[PDB]
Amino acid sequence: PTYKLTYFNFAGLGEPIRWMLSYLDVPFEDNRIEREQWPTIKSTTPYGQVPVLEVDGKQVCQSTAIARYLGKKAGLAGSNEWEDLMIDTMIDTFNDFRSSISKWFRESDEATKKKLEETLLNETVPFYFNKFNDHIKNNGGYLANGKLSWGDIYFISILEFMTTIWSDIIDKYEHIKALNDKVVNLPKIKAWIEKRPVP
């Protein structure tokens, strides 16, 4: 198939798809958009947002849906419906968490924003990350089913983005950091990290 990814010129929600396509070892166009050109491109997307992955000429959006699809293609999904449920539930929970990051990112009042960041760093992150940490510990060192999934790749690629703001944030969570080191050293993901544009 042909693959063309459109996203902004940073990691964000494009990166899970880039990592999955790299893991899949397929060529793909990495179409990156500057923030300056976004009001132009916005009206061209199916629902006004990126990422968009064009597969054999058909535009598909939603980072999670696409990651799962590529995960199936990659052999990084479940062996049965229950195993896929174990992956899906963790990523939907992660996406509930990262909604908090989005609220903080889009706040225009600086003092409120500082208040969101405080709540985020001292209540929200511990609440979710202690559970994620305990879950990974008790699930074989992975998000789900004791084995590598597209969920692990989605989780780590997006957490890496957080490390660009709060650099130490995942360090104290031993099992999150252990999954992080494992994923970024998958050879094709490692390669992508080495060759990817480094803003």
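In case it trips you up, residue 1 is the first one in the sequence shown, and so on.
- Once the C-alpha B-factors are averaged per stretch, 154 to 162 and 35 to 43 rank with 35 to 43 first.
- In this entry, 187 to 195 has the higher mean Cα B-factor, the comparison being between 173 to 181 and 187 to 195.
- Of the candidates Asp84, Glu117, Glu110, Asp92, the deposited coordinates give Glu110 the top C-alpha B factor.
- Among the modelled residues of its chain, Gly14 has a C-alpha B-factor that falls in the middle third, as given in the PDB entry.
- Split the chain's modelled residues into thirds by C-alpha temperature factor. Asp168 is in the highest one.
- Per the deposited record, the Cα B-factor of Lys72 falls in the lowest third when ranked against the other modelled residues of its chain.
- Residue-level temperature factors show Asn139 in the middle third of its chain, judged at the C-alpha atom.
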